[PDB]
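Scroll down for the structure; my scribbles are underneath it.
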Number of protein chains: 2
Amino acid sequence: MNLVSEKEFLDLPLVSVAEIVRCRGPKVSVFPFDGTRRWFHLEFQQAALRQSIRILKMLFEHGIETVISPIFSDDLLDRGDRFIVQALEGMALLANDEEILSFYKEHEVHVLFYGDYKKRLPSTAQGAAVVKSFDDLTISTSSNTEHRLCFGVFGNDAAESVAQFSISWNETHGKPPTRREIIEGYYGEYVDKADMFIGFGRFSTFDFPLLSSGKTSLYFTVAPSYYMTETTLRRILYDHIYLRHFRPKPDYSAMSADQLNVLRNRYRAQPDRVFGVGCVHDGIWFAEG
Amino acid sequence: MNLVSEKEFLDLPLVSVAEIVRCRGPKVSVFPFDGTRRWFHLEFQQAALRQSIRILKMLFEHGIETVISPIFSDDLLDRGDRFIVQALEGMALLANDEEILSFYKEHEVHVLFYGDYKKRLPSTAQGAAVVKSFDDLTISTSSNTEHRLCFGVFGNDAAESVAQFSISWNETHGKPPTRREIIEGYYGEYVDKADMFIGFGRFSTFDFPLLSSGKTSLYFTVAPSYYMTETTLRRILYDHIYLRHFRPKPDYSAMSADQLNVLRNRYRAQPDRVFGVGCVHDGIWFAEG
Ligand SMILES: C/C(=C\COP(=O)(O)OP(=O)(O)O)CC[C@@]1(C)[C@@H]2CCCC(C)(C)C2=CC[C@@H]1C
Ligand SMILES: C/C(=C\COP(=O)(O)OP(=O)(O)O)CC[C@@]1(C)[C@@H]2CCCC(C)(C)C2=CC[C@@H]1C
């Protein structure tokens, strides 16, 4: 269990990997769907929906219980009117399309939505329809317990929301809410800290307030989210589960004088080595090294 | 100004780089001091203090206005009693040592402290001394306006703190606090979102609640924080300022059929390329690729 080689891990059947993940984690994984337009212009609503389902299905079939997936951020008013409509149409799909609803039922997925969407969403018919669809879905899938899916819609800044939720909670309860109750209030249900975040391109994380910690393993694929392969996910999983927090930890004092020199050389050999710096090609940033 | 080459940027005098940063940013930079014991066991309280000052001085002399530096996290009770004492002694240095106090006065630095240190700090003499020292320093350097320095002591989970701060604010004010007021309450003064985070080793961020956004450029050096060189910082600065958000943005539609193929190849050439996966050597994780 604690002694599986990366090669074996990569050769293992899906049901075997899932069992390992159910026991070792990650329990909660953040996976935003970025670089969609780019992916489309290389390989719309019905195409992205399929890929989203593919990846989401992939994540859940690997044992991951909860998936936090940011889909819409405030940077949505940075585009025309046709975007708003098209956007709300995509949001509607998440709660109305038959193939995805079957996905929730097939894999018993409880869908929840977080963010400042109720306020920031265009105060109009189509917008209210989405909100109602979101609430409806959340309750519809309440019976599902195998997996939890959290969609981020304007879920980048929780400060004000937490503040107002705490004030109301204190007014009706008589005491301030616990961290647990604060999280249930934002995500609609309790969710453990994120164990990993899988982004792409520029090194940056976003849209998963209150669930971040120094223990959230970060990963940045070179290609867009939808390009995620089976091999890539397993390599990410393996790294997090067996490599990030290695044990027994290092004992500097008990090491020989040579081991220390070899270690020091690993750092001073390339004294200015940095991960995060990139280069631009056609306006697109690519990580170096 | 908007057309400086990386080479020139690297050749430019310090006062020139600072001027560019004062105009283009980053305005707020997160720089935690990690891998200290490791650095020490390769090159204690008086040694780390010097390096911390070196780097802090480096950051400020490059134009950075605010530096958020996490120094102590809850993972402090993961060690013996001698650690607690030694730790509170280091904390005391930040507010009592003469060379660092001169540093604040020399570079006009306003020092602030954030985190759940008032509660979690050992309810004892030495602990209360630190807390008082912290409050004292914060007020002592209130006249300084050139730079702002925020030290993170148990500043990983702000949820409960924000909740209680909002309840009290609403009770005395009659209305909930704004995001701005919520941030002033946690950090003791208003601070803009973090423009970049410079970590090391394992890809992960931490201890800068409420100040994170998708625009927080992440960087992970291979060697410990104290190994930070002049060249490395400039390469990081340059990347953030001129490369992260390149402009004009890309126009897929207006590109030739070949440019699109070259771009697609940049992604499918190495289909499973991932940044964040590593390898272990002597219990120490090192990023691959
Ligand atoms: C945020 C966004 C585009 C921003 O695009 P970048 O993230 O900026 O990528 P780039 O830089 O390559 O253009 C729109 C989301 C989108 C594509 C989502 C994506 C997942 C869920 C689903 C419901 C399938 C859906 C349906 C249609 C809808 C328009
Ligand atoms: C958090 C901590 C050690 C954890 O060490 P890792 O971050 O775990 O590094 P590793 O893994 O290599 O052991 C103690 C902080 C330390 C070294 C700080 C560091 C900056 C500020 C200053 C005041 C100079 C100070 C004085 C003395 C004090 C003990």
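Counting convention: from 1, in listed order, for ligands and their atoms alike. In what follows, chains are A, B, ... by sequence order, proteins preceding strands, each numbered from 1.
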How far is atom 29 (C) of ligand 1 from its nearest protein heavy atom, and which residue and atom is that? A:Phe44 CE2, 3.7 Å
Can you confirm whether the side chains of B:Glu89 and B:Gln45 place a donor and an acceptor under 3.5 Å from each other? yes
Considering only non-hydrogen protein atoms, determine which one is nearest to atom 14 (C) of ligand 1 and report residue, atom name and distance to 0.1 Å. A:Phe72 CE2, 3.6 Å
Hey, does B:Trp39 sit under 4.0 Å from ligand 2 if you only count heavy atoms? no
Option nearest atom 1 (C) of ligand 1 (shortest heavy-atom distance, choices A:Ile71, A:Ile284, A:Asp75, A:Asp34): A:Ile71
Using a distance-only test with no angle check, is there a side-chain donor-acceptor pair under 3.5 angstrom linking A:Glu43 and A:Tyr226? no
Under a heavy-atom criterion of less than 4.0 Å, does B:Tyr226 contact ligand 2? yes
Quick one: does B:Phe200 get a heavy atom under 4.0 Å from ligand 2? no
What residue and heavy atom of the protein are closest to atom 26 (C) of ligand 1, and at what distance? A:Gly90 CA, 4.1 Å
Any N or O on B:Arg38 sitting closer than 3.5 Å to an N or O of ligand 2? yes
Starting from atom 2 (C) of ligand 1, locate the nearest protein heavy atom and write down its residue, its atom name and how far away it is, to 0.1 Å. A:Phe83 CZ, 4.2 Å
Is the distance between the ring centroids of A:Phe208 and A:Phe197 less than 6.0 Å? yes
At less than 4.0 angstrom from any non-hydrogen atom of A:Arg37, what atoms of ligand 1 do you find? 13 (O)
I'd like to check atom 24 (C) of ligand 1 in this structure: does the protein have a heavy atom lying under 4.0 Å from it? yes
Check for me whether B:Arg79 has a heavy atom closer than 4.0 Å to any atom of ligand 2. yes
Backbone or side-chain N or O of B:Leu94 under 3.5 Å from ligand 2 N or O: no
Do side-chain atoms of A:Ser69 reach the backbone of A:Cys150 as a donor and acceptor pair under 3.5 angstrom? no
Contact (N/O only, under 3.5 Å) between A:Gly35 and ligand 1: yes
Using only heavy-atom distances, determine whether the side chains of A:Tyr252 and B:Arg37 contain a donor-acceptor pair under 3.5 Å. no
Do me a favour and list the nearest non-hydrogen protein atom to atom 5 (O) of ligand 1 with residue, atom name and distance? A:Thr36 OG1, 3.6 Å
Note: B:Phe40, heavy atoms under 4.0 Å from ligand 2, region reported as neither
Below a 4.0 angstrom heavy-atom separation, can you tell me which part of A:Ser52, side chain or backbone, both or neither, approaches ligand 1? side chain
Testing the 3.5 Å rule here: is there a donor-acceptor pair between the side chains of B:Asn265 and B:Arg268? no
